[PDB]
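1. Sequence first, structure after, both from an experimental entry:
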Amino acid sequence: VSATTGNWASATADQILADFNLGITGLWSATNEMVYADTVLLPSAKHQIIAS
Amino acid sequence: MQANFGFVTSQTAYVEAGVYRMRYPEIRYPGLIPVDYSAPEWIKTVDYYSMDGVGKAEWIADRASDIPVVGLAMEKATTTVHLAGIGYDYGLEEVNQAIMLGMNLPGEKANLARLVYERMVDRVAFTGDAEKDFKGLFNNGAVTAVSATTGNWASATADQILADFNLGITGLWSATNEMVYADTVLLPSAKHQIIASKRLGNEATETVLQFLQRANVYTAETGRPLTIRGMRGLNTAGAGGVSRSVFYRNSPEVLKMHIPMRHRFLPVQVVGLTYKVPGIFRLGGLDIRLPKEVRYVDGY
Amino acid sequence: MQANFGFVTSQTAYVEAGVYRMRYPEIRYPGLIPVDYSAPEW
Amino acid sequence: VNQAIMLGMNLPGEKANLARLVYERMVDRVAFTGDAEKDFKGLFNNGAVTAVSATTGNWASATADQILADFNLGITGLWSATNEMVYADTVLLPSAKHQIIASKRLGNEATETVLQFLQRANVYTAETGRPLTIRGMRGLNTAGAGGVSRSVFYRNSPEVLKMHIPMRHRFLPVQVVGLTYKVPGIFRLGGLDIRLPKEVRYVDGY
Amino acid sequence: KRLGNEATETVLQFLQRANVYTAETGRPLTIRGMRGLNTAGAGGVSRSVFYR
Amino acid sequence: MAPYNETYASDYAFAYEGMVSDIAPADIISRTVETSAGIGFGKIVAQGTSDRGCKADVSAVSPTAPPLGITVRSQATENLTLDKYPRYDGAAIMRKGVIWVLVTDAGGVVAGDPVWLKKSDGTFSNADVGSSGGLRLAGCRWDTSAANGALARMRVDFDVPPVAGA
C-alpha cells in the first residue's frame, strides 16, 4: 500500500507518526485484528531523517 | 484442502514437527456480560419482580391520634428460552482407518463441536439473529444513541478527543437523573489504538489513554477505576455505517443472559455402518433490563 | 405498578429469587451538619 | 396480613423498615430546606446570610482563569464580610459544576493537570497549612436569585451550625379496631439553627 | 492568582524570590496584609506602604 | 428486576388513589358490588337495589337519595381486575375518616374548600358546575392544596344531608 501523502521531507512530525503507525495498523487489520508487526525495515536515509 | 485422510512420505524428504491450525478470533464474552446457569434445564420463561413504597411525614401534637401512613405496589416481567444443537457422525472404515494411524477421530470432532458451540453463544450474546428476535448488546433498539460532537479522531486534536470521551459518561449520568455513573466503555479497536498512540502535547509526552485513566469524570468524582476495552464488531455498527461505542454499568442487575442447558451429547446411534451422535443445547437470549444505563455514541 | 398481592404464574416458568427496589438519592446530611443527641428526650 | 403470609411476604415487617427510611428522608428535608409551616429556614435558603453574584462566570465556555477567580471570590468575600477575621473551611457546589472542575485540565498544554490543583493553591490552604474540603450536592441546581445555581461557603463548626434531635424514631404498640390493626410511631426534633450568619456565604451564578 | 496564561506550575508569589530587594541582595522580603488600608488613598482608594 | 416506569423521582410520593390516613374514628361499611364492571378504589358510590348493594352510577343522586360513601384501597382484590372491587364482592365503604382522592378542577383546590360532586361522571371539584348537574356534599372539606389531576386528602362526613345546587 502507499503512504498517506507523506514524503518525509518538508513533512511535520504528525505526518511522520501517522505514516509509521499506518503500516502496523494495516498489518493488524489485514490479519483480522489477530497479530501485530514485530519488526520494521526502513531505508537507511529515512531512519536518519527520523532519528535527527 | 485434501480430505483423503492419509499421506505418503518420501525417502529423500524433510518433515517439520507439528501441524498448524487455522486461527479464529478470541471469544470475548467472558467478563463482559453477566451470565447464569441456575435455571432448570427445560424452561420456557423467566420472571422477575419489582416494587415501590410511598409515604409522608407530618407534625403531630399531644393527645392527638392522626399519624400519616405508608403504602406499597408491585410489578412483574418475563423473558423466554429457545433450543438448538450440533452433533457429529462418522462411518465405520473411516474411524477404523483412523485408529491404526493413532488419531482418535471421535475426540477431534467433539473438541471442534465445543468450539463452534462457544462461537454460537458469542454471536447470540453480542448481536442478533432476527429469527428468535434476540437483540444483542451492540444493536439493541431500546437504548439511546447520540452523535458525537463532530469528532473523527483522525486529524482531531486532544481537546476534541477528551470532550468526546467524557460526553458519553456525562450524558448517561444526566439521563438517569444524576444517580449512576457509567462503569465500562467499549470502543472500536481502531479508536482504542488512536487514543493509546496519540500524545498529550510536546511538553507533556504521555498518551491520551494514560491520562484519561485518572482524569475521566468517573474516576475524578469517585475513587474507583474505569475500564476501557477495544472490541471487534463496532467498526460500522452505527446509524449510517459509522463507528459506535457503548457506555454501560456492567452489573448483573442491568444485563442478564440465561443459559439453562450448556451443551450435551446424546447416546450414539447406528444405521447401516454409520454412527450418529446428536448434540443439543438450549439457551435463552440476552436481556437488557435497565435501558437508561446503556448509552450509544456514534461517530468516533 | 398495581396493588393486589398477586400475579398469575405458570408451570413452565422460572421466577427469580431477588426483588428490585426502586432507587432514591442518598441521605447526605451526616458529616455536613453537626447534630447532637445529648439533650433529654422530652 | 393473614393473606400475605400465604405468599411469604411478611407485610408488617416490611413497613417498619420503610417507615424508618421515610423518617430519615424527612429529617434530611428539614435540615437542608424549609417548610414554611413552622418557619424552619434551611441551609440552602436562609434569608439572613449574604448572597452575592459571581464575577461574570458561567463555567461553560469559561477559561481556567475565570474558574479560579470565581472560586476564590467566595473565600475572599467571607473574609471581607466578617471584618477580616474568619476563614471558609468547606465549600458546597452543584454537582455538575464539580464535574466541570474535576474534568477540565488547568488550561495547560504543558502538563494537563486538572483544576483540582485548587486543592493545594486556594486562599485557605495557602495562608495556612490546613486542607480545604469540596463537595458536590444535589439540590443546588436552581436555588439562586433568578433560578440559577447556588454554592455555599461556610465554616462547619458546632458554634456556627447546630441541629438538635433529642428523640429518634420509635414505634408504639398496636391498636386493634374492628378487623383493622392501627399502628402509630413518633419522633421529635428541632429545626436547624444558624447562629453566626456572617460565617455562611452564598455565591450564585456559577 | 496564577502566573502564566498556560504553563502555571507556581503561584504569583514567586515574587518572594524575584523581587528587586531579594534579587540584588540575599536577604528575604517580608510581606504583610493589614486591615485599615482599604480606603486610605487620595480619593478613597487602597493604599500600600513600603518602608525599611 | 423490572425497571420499566422508572422516573427517578426526587423523593417518595404522597399516597395512592384510595389510601386512608390513620385516625381513631372511621365508619367502614361492608357493601356488595352491583355494577357489571368493578368499582375503582377512590370513588363515590350510590345505594344499590339489593338492600346492601352499591353501584358506581351516581347520575341520579339527590338530596332525597344521598350518596352512600367512598370506597377504600383494599390491596386483596381477586387479581383479575387490576385495582377494582370485582362484581359480587365486599366493598368496604368509608364515610367518616380522611381519605386521599383525585382532584378534577381547572384551578386546583386549597386547604379549606367546599366539595362539589359532578353527577355526570362522579368527580370531585371546588365549585358547582352550573347546570343542575352538581351536588354539594355538605359535611366535607379538603385538607391539601393540589393542582389539577393530583391526589389530595379530604375529610368526609356523609350523615349531613347534601345540598342541591342549580
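-> Received the coordinates, thanks. Numbering: from 1, shown residues only, chains lettered A, B, ... in the order given.
2. for residue F:20, what are its contacts?
-> By CB atoms under 8 Å, 6 or more residues apart in numbering or on different chains, the contact set of residue F:20 is B:69, F:26, F:72, F:73, F:94, F:97, F:98, F:99, F:100. C-beta here means a position set from N, CA and C on the backbone, and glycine is covered the same way.
3. Might you enumerate the residues of chain F proximal to chain A?
-> Within chain F, no position is adjacent to chain A by CB under 8 Å from any CB of the partner chain.
4. List, one by one, the residues from chain F near chain C.
-> For chain F, the contact set with chain C under CB under 8 Å from any CB comprises F:1-3, F:5-6, F:8-12, F:16, F:73, F:75-79, F:82-83.
5. are any of those residues buried, and which?
-> Those of those that meet the buried threshold are F:1, F:2, F:3, F:6, F:12, F:16, F:73, F:75, F:77, F:83, by 16 or more other CB atoms under 10 Å in any protein chain shown.
6. CSV please, covering those residues and showing secondary structure.
-> Formatted as CSV, those follow (DSSP: H, G, I helix; E, B strand; the rest coil):
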residue, secondary structure
F:1, coil
F:2, coil
F:3, coil
F:6, coil
F:12, coil
F:16, coil
F:73, coil
F:75, coil
F:77, coil
F:83, coil
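7. Keep those residues, but drop any that are not near chain D.
-> Answer for these near chain D (CB under 8 Å from any CB): residue F:12.
8. for the residue nearest to the spatial centre of chain A, helix, strand, or coil?
-> The centroid of chain A falls nearest to residue A:20 when counting by CA atoms, centre = their mean (2.0 Å). Look at residue A:20: counting by three-state DSSP, its state is helix.
9. quick one: is stretch F:85-95 near chain D?
-> No: judged by CB under 8 Å from any CB, stretch F:85-95 and chain D are separated, with a smallest distance of 10.0 Å.
10. Now do the contacts for residue F:122.
-> By CB under 8 Å, 6+ apart, residue F:122 lies in contact with F:43, F:44, F:56, F:58.
11. Number of residues surrounding the second one?
-> Read that as residue F:44. Using other CB atoms under 10 Å in any protein chain shown, residue F:44 has 25 neighbouring residues.
12. now the first one
-> Neighbour count for residue F:43, taken as other CB under 10 Å: 24.
13. residues in contact with it?
-> For residue F:43, the contact set (CB under 8 Å, 6+ apart) comprises F:18, F:56, F:70, F:71, F:122.
14. Mind doing that once more with 7 Å?
-> Neighbouring residues of residue F:43 by CB atoms under 7 Å, 6 or more residues apart in numbering or on different chains: F:56, F:70, F:71, F:122.
15. Quick check: closest non-adjacent residue to the third one.
-> So that's residue F:71. In space, and not counting its chain neighbours, residue F:71 is closest to residue F:43: 5.3 Å by CB to CB, 6 or more residues apart in numbering or on different chains.
16. hmm, back to that, out of the contacts of residue F:20, the closest to residue F:166 would be?
-> Ranked by distance to residue F:166 (CB to CB), the contacts of residue F:20 are led by residue F:99 at 28.2 Å.
17. In a strand, that closest one, correct?
-> Yes: assessed with three-state DSSP, residue F:99 lies in a strand.
18. Which strand residues bridge it?
-> Going by DSSP bridges, residue F:99 is paired in beta bridges with residue F:20, residue F:154.
19. roughly how far apart are it and residue C:17?
-> According to CB to CB, to the nearest Å, residue F:99 and residue C:17 sit 37 Å apart.
20. do the same with residue F:58
-> In this view, residue F:58 and residue C:17 are 46 Å apart by CB to CB.
21. same check, this time on residue A:29
-> Per CB to CB, residue A:29 is found 46 Å from residue C:17.
22. which other residues reach stretch F:24-34?
-> Contacts of stretch F:24-34 (CB under 7 Å, 6+ apart): B:65, F:39, F:48, F:50, F:52-55, F:69, F:72, F:85-97.
23. buried sites along that stretch?
-> Neighbour-count burial for stretch F:24-34 [16+ other CB under 10 Å]: F:26, F:28, F:29, F:31, F:32, F:33, F:34.
24. Off-centre distance for it?
-> Offset of stretch F:24-34 from its chain centre (CA atoms, centre = their mean, to the nearest Å): 13 Å.
25. Same check on stretch F:77-84?
-> When distances are taken as CA atoms, centre = their mean, stretch F:77-84 is centred 18 Å away from the chain's centroid.
26. Check the separation of the first and last residues in that stretch.
-> With CA to CA, to the nearest Å applied, stretch F:77-84 spans 7 Å between its terminal residues.
27. and what of stretch F:73-88?
-> Its first and final residues considered, stretch F:73-88 spans 17 Å by CA to CA.
28. Is that stretch positioned near chain B?
-> No: for stretch F:73-88, no contact with chain B is found by CB under 7 Å from any CB of the partner chain; the gap never falls below 7.6 Å.
29. Give me the contacts around that stretch.
-> Residues from elsewhere that reach stretch F:73-88 (CB under 7 Å, 6+ apart): C:2-8, D:3, F:16-19, F:32-33, F:35-36, F:38-41, F:71, F:91-92.
30. Contact partners for the residue of chain F positioned farthest from its centre?
-> What lies farthest from the middle of chain F is residue F:1; by CA atoms, centre = their mean that is 33.3 Å. The contact partners of residue F:1, by CB under 7 Å, 6+ apart, come to B:48, B:50, B:253, B:289, C:16, C:20.
31. make it 8 Å
-> Applying CB under 8 Å, 6+ apart, the residues near residue F:1 are B:48, B:49, B:50, B:77, B:253, B:256, B:289, C:16, C:18, C:20.
32. any idea how far it lies from residue A:21?
-> Residue F:1 is 44 Å from residue A:21, by CB to CB.
33. What of residue F:86?
-> Distance of residue F:86 to residue A:21, given as CB to CB: 72 Å.
34. One more: residue F:154?
-> Residue F:154 sits 73 Å away from residue A:21, going by CB to CB.
35. if you count what's nearby, which of those two comes out ahead?
-> Under the criterion of other CB under 10 Å, the comparison of residue F:154 against residue A:21 puts residue F:154 first, with 21 against 14.
36. That one reaches residue F:145, doesn't it?
-> No: Residue F:154 lies out of contact with residue F:145 (CB atoms under 8 Å); the separation is 12.0 Å.
37. Write out the residues of chain F neighbouring chain D.
-> So chain F meets chain D at F:11, F:12, F:22, F:24, F:26, F:28, F:76 (CB under 8 Å from any CB).
38. As CSV, the residues you listed with secondary structure would be great.
-> CSV is the format used below for those (three-state DSSP):
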residue, secondary structure
F:11, coil
F:12, coil
F:22, coil
F:24, coil
F:26, coil
F:28, strand
F:76, coil
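39. where along chain A do the strands fall?
-> Along chain A, no stretch is classed among the strands by DSSP state E.
40. How about chain A: which residue is closest to chain C?
-> Chain A approaches chain C most closely through residue A:33 (37.1 Å), counting by CB to the nearest CB.
41. one step back: go through the contacts of residue F:43 and flag which are in strands.
-> Judged by DSSP E, the subset of those located in strands is F:70, F:71.
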